[PDB]
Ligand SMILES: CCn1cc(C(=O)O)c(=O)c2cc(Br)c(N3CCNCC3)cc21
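What follows is a single chain, given as structure tokens, in the form deposited without the ligand.
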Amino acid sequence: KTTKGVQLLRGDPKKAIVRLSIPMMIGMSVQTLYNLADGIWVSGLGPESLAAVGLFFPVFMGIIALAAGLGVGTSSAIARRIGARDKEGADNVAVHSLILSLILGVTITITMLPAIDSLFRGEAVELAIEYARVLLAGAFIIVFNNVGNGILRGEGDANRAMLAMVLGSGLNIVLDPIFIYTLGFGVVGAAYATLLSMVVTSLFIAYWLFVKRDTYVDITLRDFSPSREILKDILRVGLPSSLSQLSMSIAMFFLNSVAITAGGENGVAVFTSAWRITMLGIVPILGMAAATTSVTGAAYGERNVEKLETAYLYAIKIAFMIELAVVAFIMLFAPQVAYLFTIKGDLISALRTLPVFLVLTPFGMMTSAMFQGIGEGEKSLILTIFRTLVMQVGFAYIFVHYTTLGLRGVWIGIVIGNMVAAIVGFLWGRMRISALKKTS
């Protein structure tokens, strides 16, 4: 009784890091392919309806923060128990996550749907109400698709985890222009096309989990008993993972207040475009970090610190080389990527200095992902708060008030901040593994 994905988790660590990250990269690239495609459809409906997307984007990110948080806590808890050969434990984690998805799904619905009217407080704001109610109603679907994605990812089944992302985003790209232009709906049709795309995805996931039942874990409600240990193991990583995304949103808010202080509206516009072009080159790191947590989690259950360190060091190396290629493409073609997002002269200066942080962040990303792998989410949150708020916002605040560097000083503050955060992150992860060796 074994699956192909469990072979990767229990097999070679470098073999698993490669074969579990490429499916995540392909899946997430299609997801970003939808956002860029959806960006050109909404842009053709004037500036009013485009502002409604930005009014719901932070609220939509709050749902993903809670849904992905429960998902990464599910995948790491399953990975640790598959490595330690705790079959009934891995089954008990999957069942808890599915029930908690229904609990967290309806909790987000009954708390955001009746209160979204007074949260956004013209035509742009009114369109955000209809855009929110379409997706807030299917909040349970979004959480279910994330806990289902974590179950497949937790047992090394990164293939079907990619299909759920490709089928979801691929159907969304097809249904996007049909609901916005071919039919009478406007930007509300974009949220409705995303809603229908997720309902189809949940039917495919529910078919794999409950009907087909060809996963490594066994999902049944017989003999189910809620366990305090299982709930702790999920929330030990799931709760700080949600707060980490909150720290990334707060950081972007504070960095906007620094960009407004520096370059005003032209300064915050350059920062928003520069922060959008660099954060699309970070997708390969996300795929590596997802595999890192699964592999190091399985190696942590196997009590094999040597296998855990090999994956932790191989993930940083592969991401470092991949980021060297994508940063070289952005910097050497800064004006060419500039006109693809509609003053471009200041943006070129940012696109040749800011993307350097893409090469430094694999040190803290995998360190945070290795902490999640060993089930110590509070240390991954501390590192994230130190990098996003203490270093990025910290140095960006110094390089604009006490040096007279202007909008340009925002980029150096982030890079210098990520330099310090990469050193303390690499030293903390290397020191943590040193303690794991003095315990086995």
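All residue numbers refer to positions in the sequence shown, first residue = 1. By rigid core we mean the largest C-alpha set that fits within 1.5 Å across both forms.
Although it is not shown, the form deposited with the ligand bound is what the next lines describe.
- None of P362, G73, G168, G301 but one reaches within 4.5 angstroms of the ligand in the bound PDB entry through a heavy atom, and that residue is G168.
- Residue contact check for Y397: none of its heavy atoms lie within 4.5 Å of the ligand in the bound PDB entry.
- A164 belongs to the set of residues with a heavy atom inside 4.5 Å of the ligand in the bound PDB entry.
- A residue is said to contact a partner when one of its heavy atoms sits within 4.5 Å of a partner heavy atom; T353 fails this definition for the ligand in the bound PDB entry, lying far away.
- The ligand is not drawn, but in the bound PDB entry it has no heavy atom within 4.5 Å of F386.
- Residues of 197-219 that come within 4.5 Å of the ligand in the bound PDB entry, judged by any heavy atom, are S197, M198, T201, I205 in sequence order.
- For the set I116, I260, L243, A84, a Cα shift of at least 2 angstroms between this form and the one not shown, after rigid core superposition, holds for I116 and for no other residue.
- For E130, the Cα coordinates differ by 2 angstroms or more between this form and the one not shown after the core has been superposed.
- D176 shows a C-alpha shift of 2 Å or greater between this form and the one not shown [criterion: core-superposed Cα displacement of 2 Å].
- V356 shows a C-alpha shift below 2 Å between this form and the one not shown [criterion: core-superposed Cα displacement of 2 Å].
- Between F56 and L354, the Cα spacing is larger in the bound PDB entry than in the shown form, differing by no less than 3 Å.
- The gap between the Cα atoms of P355 and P58 is larger in the bound PDB entry, by no less than 3 Å, than in this form.
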